[PDB]
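S.K.: Here you go, data08.pdb (PDB, C-alpha atoms (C1' of nucleotides)):
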```
ATOM      1  CA  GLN A 280     -88.876 195.134 115.971  1.00  0.00           C
ATOM      2  CA  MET A 281     -89.010 195.255 119.756  1.00  0.00           C
ATOM      3  CA  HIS A 282     -90.723 197.778 122.029  1.00  0.00           C
ATOM      4  CA  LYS A 283     -89.719 197.916 125.696  1.00  0.00           C
ATOM      5  CA  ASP A 284     -91.333 199.881 128.525  1.00  0.00           C
ATOM      6  CA  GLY A 285     -90.013 198.857 131.915  1.00  0.00           C
ATOM      7  CA  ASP A 286     -90.862 195.190 132.370  1.00  0.00           C
ATOM      8  CA  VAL A 287     -93.225 195.111 129.358  1.00  0.00           C
ATOM      9  CA  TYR A 288     -92.071 193.886 125.943  1.00  0.00           C
ATOM     10  CA  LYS A 289     -93.761 193.730 122.551  1.00  0.00           C
ATOM     11  CA  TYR A 290     -92.600 192.333 119.215  1.00  0.00           C
ATOM     12  CA  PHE A 291     -93.744 193.076 115.672  1.00  0.00           C
ATOM     13  CA  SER A 292     -92.906 191.464 112.343  1.00  0.00           C
ATOM     14  CA  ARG A 293     -92.210 193.018 108.942  1.00  0.00           C
ATOM     15  CA  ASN A 294     -95.872 193.481 107.989  1.00  0.00           C
ATOM     16  CA  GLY A 295     -97.052 194.329 111.509  1.00  0.00           C
ATOM     17  CA  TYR A 296     -98.122 190.963 112.911  1.00  0.00           C
ATOM     18  CA  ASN A 297     -97.738 190.484 116.650  1.00  0.00           C
ATOM     19  CA  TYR A 298     -95.192 187.863 117.727  1.00  0.00           C
ATOM     20  CA  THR A 299     -95.026 188.590 121.466  1.00  0.00           C
ATOM     21  CA  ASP A 300     -96.512 185.174 122.247  1.00  0.00           C
ATOM     22  CA  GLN A 301     -93.438 183.435 120.844  1.00  0.00           C
ATOM     23  CA  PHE A 302     -90.692 185.693 122.239  1.00  0.00           C
ATOM     24  CA  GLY A 303     -92.283 186.609 125.576  1.00  0.00           C
ATOM     25  CA  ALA A 304     -94.060 189.704 126.882  1.00  0.00           C
ATOM     26  CA  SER A 305     -92.344 189.545 130.293  1.00  0.00           C
ATOM     27  CA  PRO A 306     -89.149 188.074 131.777  1.00  0.00           C
ATOM     28  CA  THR A 307     -91.197 185.263 133.327  1.00  0.00           C
ATOM     29  CA  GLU A 308     -92.025 183.680 129.950  1.00  0.00           C
ATOM     30  CA  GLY A 309     -90.796 183.541 126.373  1.00  0.00           C
ATOM     31  CA  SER A 310     -87.933 182.307 124.233  1.00  0.00           C
ATOM     32  CA  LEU A 311     -85.751 185.455 124.236  1.00  0.00           C
ATOM     33  CA  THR A 312     -86.967 187.947 126.841  1.00  0.00           C
ATOM     34  CA  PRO A 313     -86.038 185.985 130.003  1.00  0.00           C
ATOM     35  CA  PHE A 314     -82.449 185.923 128.736  1.00  0.00           C
ATOM     36  CA  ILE A 315     -82.129 189.411 127.201  1.00  0.00           C
ATOM     37  CA  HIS A 316     -83.914 191.344 129.963  1.00  0.00           C
ATOM     38  CA  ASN A 317     -80.727 191.825 131.992  1.00  0.00           C
ATOM     39  CA  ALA A 318     -78.627 192.877 128.987  1.00  0.00           C
ATOM     40  CA  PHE A 319     -79.924 196.450 129.073  1.00  0.00           C
ATOM     41  CA  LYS A 320     -78.184 199.150 131.069  1.00  0.00           C
ATOM     42  CA  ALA A 321     -79.444 200.802 134.232  1.00  0.00           C
ATOM     43  CA  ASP A 322     -80.646 204.069 132.703  1.00  0.00           C
ATOM     44  CA  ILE A 323     -82.663 202.522 129.834  1.00  0.00           C
ATOM     45  CA  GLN A 324     -86.339 201.768 130.466  1.00  0.00           C
ATOM     46  CA  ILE A 325     -88.072 202.826 127.228  1.00  0.00           C
ATOM     47  CA  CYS A 326     -86.575 201.478 124.018  1.00  0.00           C
ATOM     48  CA  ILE A 327     -87.429 200.682 120.409  1.00  0.00           C
ATOM     49  CA  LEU A 328     -85.108 198.419 118.427  1.00  0.00           C
ATOM     50  CA  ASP A 329     -85.099 196.974 114.914  1.00  0.00           C
ATOM     51  CA  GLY A 330     -83.168 193.888 113.920  1.00  0.00           C
ATOM     52  CA  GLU A 331     -83.059 190.327 112.665  1.00  0.00           C
ATOM     53  CA  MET A 332     -84.119 187.145 114.443  1.00  0.00           C
ATOM     54  CA  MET A 333     -81.863 184.155 113.794  1.00  0.00           C
ATOM     55  CA  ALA A 334     -81.159 180.622 114.982  1.00  0.00           C
ATOM     56  CA  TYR A 335     -77.894 179.971 116.823  1.00  0.00           C
ATOM     57  CA  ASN A 336     -76.147 176.642 117.394  1.00  0.00           C
ATOM     58  CA  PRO A 337     -74.119 176.815 120.634  1.00  0.00           C
ATOM     59  CA  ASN A 338     -72.211 173.582 119.987  1.00  0.00           C
ATOM     60  CA  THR A 339     -70.539 175.096 116.923  1.00  0.00           C
ATOM     61  CA  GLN A 340     -71.269 178.648 118.143  1.00  0.00           C
ATOM     62  CA  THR A 341     -72.530 179.467 114.651  1.00  0.00           C
ATOM     63  CA  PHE A 342     -75.575 181.058 113.064  1.00  0.00           C
ATOM     64  CA  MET A 343     -77.772 178.574 111.205  1.00  0.00           C
ATOM     65  CA  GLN A 344     -79.034 180.307 108.075  1.00  0.00           C
ATOM     66  CA  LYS A 345     -82.816 179.952 107.833  1.00  0.00           C
ATOM     67  CA  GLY A 346     -82.938 179.061 104.183  1.00  0.00           C
ATOM     68  CA  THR A 347     -86.230 177.272 104.714  1.00  0.00           C
ATOM     69  CA  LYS A 348     -85.671 174.973 107.714  1.00  0.00           C
ATOM     70  CA  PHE A 349     -85.289 174.536 111.503  1.00  0.00           C
TER      71      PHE A 349
ATOM     72  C1'  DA B   1    -166.229  91.132 149.295  1.00  0.00           C
ATOM     73  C1'  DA B   2    -167.265  95.637 146.554  1.00  0.00           C
ATOM     74  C1'  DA B   3    -167.201 100.763 146.096  1.00  0.00           C
ATOM     75  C1'  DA B   4    -165.441 105.591 147.216  1.00  0.00           C
ATOM     76  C1'  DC B   5    -161.701 108.682 148.576  1.00  0.00           C
ATOM     77  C1'  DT B   6    -156.879 109.910 148.466  1.00  0.00           C
ATOM     78  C1'  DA B   7    -151.416 109.564 147.514  1.00  0.00           C
ATOM     79  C1'  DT B   8    -147.670 109.458 144.342  1.00  0.00           C
ATOM     80  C1'  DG B   9    -145.479 109.227 139.815  1.00  0.00           C
ATOM     81  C1'  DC B  10    -145.335 110.859 135.263  1.00  0.00           C
ATOM     82  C1'  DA B  11    -146.675 113.352 131.004  1.00  0.00           C
ATOM     83  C1'  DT B  12    -147.560 117.979 129.259  1.00  0.00           C
ATOM     84  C1'  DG B  13    -147.364 122.967 128.277  1.00  0.00           C
ATOM     85  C1'  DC B  14    -145.608 127.433 129.215  1.00  0.00           C
ATOM     86  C1'  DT B  15    -142.229 130.689 131.225  1.00  0.00           C
ATOM     87  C1'  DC B  16    -137.726 132.141 132.508  1.00  0.00           C
ATOM     88  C1'  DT B  17    -132.470 132.297 132.546  1.00  0.00           C
ATOM     89  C1'  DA B  18    -127.138 131.216 130.229  1.00  0.00           C
ATOM     90  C1'  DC B  19    -124.301 130.676 125.915  1.00  0.00           C
ATOM     91  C1'  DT B  20    -122.860 131.139 120.920  1.00  0.00           C
ATOM     92  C1'  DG B  21    -122.832 133.694 116.588  1.00  0.00           C
ATOM     93  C1'  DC B  22    -123.887 137.913 113.421  1.00  0.00           C
ATOM     94  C1'  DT B  23    -124.239 143.041 112.889  1.00  0.00           C
ATOM     95  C1'  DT B  24    -123.282 147.741 114.147  1.00  0.00           C
ATOM     96  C1'  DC B  25    -121.073 151.522 116.872  1.00  0.00           C
ATOM     97  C1'  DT B  26    -117.089 153.630 119.022  1.00  0.00           C
ATOM     98  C1'  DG B  27    -112.160 154.414 119.848  1.00  0.00           C
ATOM     99  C1'  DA B  28    -107.495 154.502 118.353  1.00  0.00           C
ATOM    100  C1'  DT B  29    -104.044 154.836 114.818  1.00  0.00           C
ATOM    101  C1'  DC B  30    -101.885 156.182 110.513  1.00  0.00           C
ATOM    102  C1'  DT B  31    -101.585 158.873 106.224  1.00  0.00           C
ATOM    103  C1'  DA B  32    -102.532 162.734 103.294  1.00  0.00           C
ATOM    104  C1'  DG B  33    -103.504 167.479 102.752  1.00  0.00           C
ATOM    105  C1'  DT B  34    -104.312 172.753 104.055  1.00  0.00           C
ATOM    106  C1'  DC B  35    -103.065 177.262 106.022  1.00  0.00           C
ATOM    107  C1'  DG B  36    -100.055 181.337 108.358  1.00  0.00           C
ATOM    108  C1'  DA B  37     -96.308 183.637 108.003  1.00  0.00           C
ATOM    109  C1'  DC B  38     -91.612 184.285 107.093  1.00  0.00           C
ATOM    110  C1'  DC B  39     -87.964 184.466 103.614  1.00  0.00           C
TER     111       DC B  39
END
```
Translate the structure described by the file into structure tokens.

M.R.:
Amino acid sequence: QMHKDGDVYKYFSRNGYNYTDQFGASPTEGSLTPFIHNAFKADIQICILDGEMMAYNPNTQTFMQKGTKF
DNA sequence: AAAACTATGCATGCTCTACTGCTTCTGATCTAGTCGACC
């Protein structure tokens, strides 16, 4: 689950553990935020979202199911 | 011609400085195992 306020991002797991270190707390750093920051529309500054985090292979353009690996 | 003084060489001990071999300490590497958290 992702919390967004302006340029500030925060991520939480199923049981409540912080994961912002991995996914980035600002567009300058991270593994997802620098690329998803510009996806949001002009009028949206505060947001809470819930979803799944997955691994994507661009070569085959396919989701790699995280059975137990990668 | 005989006796006293001195020079030089050599033996002797002790002290000091390189080289080889044994023992111990450190670093580097690999292998095995543990823990967080997800599902």

S.K.: Just to confirm, what's the straight-line distance from atom CA of residue A:340 to atom CA of residue A:305 in Å (one decimal)?

M.R.: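 Going from atom CA of residue A:340 over to atom CA of residue A:305 covers 26.7 Å.
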
S.K.: Considering all atoms listed in the file, return as a PyMOL selection string whatever protein or nucleic-acid residues lie within 9 Å of residue A:325, sequence-local ones (same chain, fewer than 3 positions apart) excluded.

M.R.: chain A and resi 282-285

S.K.: Convert the output of the PyMOL selection byres ((chain A and resi 300) around 12) on the shown file into explicit residues, formatted as a PyMOL selection string.

M.R.: chain A and resi 288-291+296-299+301-305+308-312

S.K.: I need the residue set behind the PyMOL selection byres ((chain B) within 12 of (chain A)) for this file; please write it as an MDAnalysis selection string.

M.R.: chainID B and resid 36:39

S.K.: What is the distance between atom CA of residue A:335 and atom CA of residue A:314, in Å to one decimal?

M.R.: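 Between atom CA of residue A:335 and atom CA of residue A:314 the gap works out to 14.1 Å.
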
S.K.: Measure the distance from atom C1' of residue B:34 to atom CA of residue A:331 in Å and round it to one decimal.

M.R.: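 Taking atom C1' of residue B:34 and atom CA of residue A:331, their separation equals 28.9 Å.
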
S.K.: Can you give me, as JSON, numbers by chain, the residues this file yields under the PyMOL selection byres ((chain A and resi 327) around 6)?

M.R.: {"A": [281, 282, 326, 328]}

S.K.: Mind completing stretch 284-306 of chain A with N, CA and C atoms? Output as a compact mmCIF listing (two decimals), in the frame of the given file, please?

M.R.:
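Output contents, as saved in part10.txt:
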```
# COMPACT_ATOMS: atom_id res chain seq x y z
N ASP A 284 -90.98 198.87 127.53
CA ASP A 284 -91.33 199.88 128.52
C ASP A 284 -91.25 199.20 129.89
N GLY A 285 -90.19 199.50 130.63
CA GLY A 285 -90.01 198.86 131.92
C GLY A 285 -89.93 197.36 131.74
N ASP A 286 -90.83 196.64 132.41
CA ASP A 286 -90.86 195.19 132.37
C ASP A 286 -91.75 194.65 131.26
N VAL A 287 -92.29 195.51 130.40
CA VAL A 287 -93.22 195.11 129.36
C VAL A 287 -92.50 195.11 128.02
N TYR A 288 -92.69 194.05 127.25
CA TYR A 288 -92.07 193.89 125.94
C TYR A 288 -93.14 193.60 124.91
N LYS A 289 -92.88 194.01 123.67
CA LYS A 289 -93.76 193.73 122.55
C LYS A 289 -92.91 193.55 121.30
N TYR A 290 -93.34 192.66 120.42
CA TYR A 290 -92.60 192.33 119.22
C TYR A 290 -93.52 192.42 118.01
N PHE A 291 -92.99 192.95 116.91
CA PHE A 291 -93.74 193.08 115.67
C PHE A 291 -92.89 192.61 114.50
N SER A 292 -93.56 192.03 113.51
CA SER A 292 -92.91 191.46 112.34
C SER A 292 -92.80 192.51 111.24
N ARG A 293 -92.42 192.08 110.04
CA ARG A 293 -92.21 193.02 108.94
C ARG A 293 -93.51 193.70 108.54
N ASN A 294 -94.60 192.95 108.44
CA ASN A 294 -95.87 193.48 107.99
C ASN A 294 -96.76 193.95 109.13
N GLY A 295 -96.31 193.82 110.38
CA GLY A 295 -97.05 194.33 111.51
C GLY A 295 -97.73 193.29 112.37
N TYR A 296 -97.48 192.01 112.13
CA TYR A 296 -98.12 190.96 112.91
C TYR A 296 -97.44 190.81 114.26
N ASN A 297 -98.26 190.63 115.30
CA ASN A 297 -97.74 190.48 116.65
C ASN A 297 -97.09 189.12 116.83
N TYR A 298 -95.91 189.10 117.44
CA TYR A 298 -95.19 187.86 117.73
C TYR A 298 -94.81 187.76 119.20
N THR A 299 -95.41 188.58 120.06
CA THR A 299 -95.03 188.59 121.47
C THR A 299 -95.29 187.26 122.15
N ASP A 300 -96.24 186.47 121.64
CA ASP A 300 -96.51 185.17 122.25
C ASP A 300 -95.29 184.27 122.17
N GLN A 301 -94.58 184.32 121.04
CA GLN A 301 -93.44 183.44 120.84
C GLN A 301 -92.23 183.88 121.66
N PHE A 302 -91.93 185.18 121.66
CA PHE A 302 -90.69 185.69 122.24
C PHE A 302 -90.86 186.21 123.66
N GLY A 303 -92.08 186.23 124.19
CA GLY A 303 -92.28 186.61 125.58
C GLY A 303 -92.59 188.07 125.79
N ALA A 304 -93.67 188.35 126.52
CA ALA A 304 -94.06 189.70 126.88
C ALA A 304 -93.55 190.13 128.25
N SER A 305 -92.85 189.25 128.96
CA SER A 305 -92.34 189.54 130.29
C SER A 305 -91.20 188.59 130.59
N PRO A 306 -90.29 188.96 131.49
CA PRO A 306 -89.15 188.07 131.78
C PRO A 306 -89.55 186.71 132.31
```
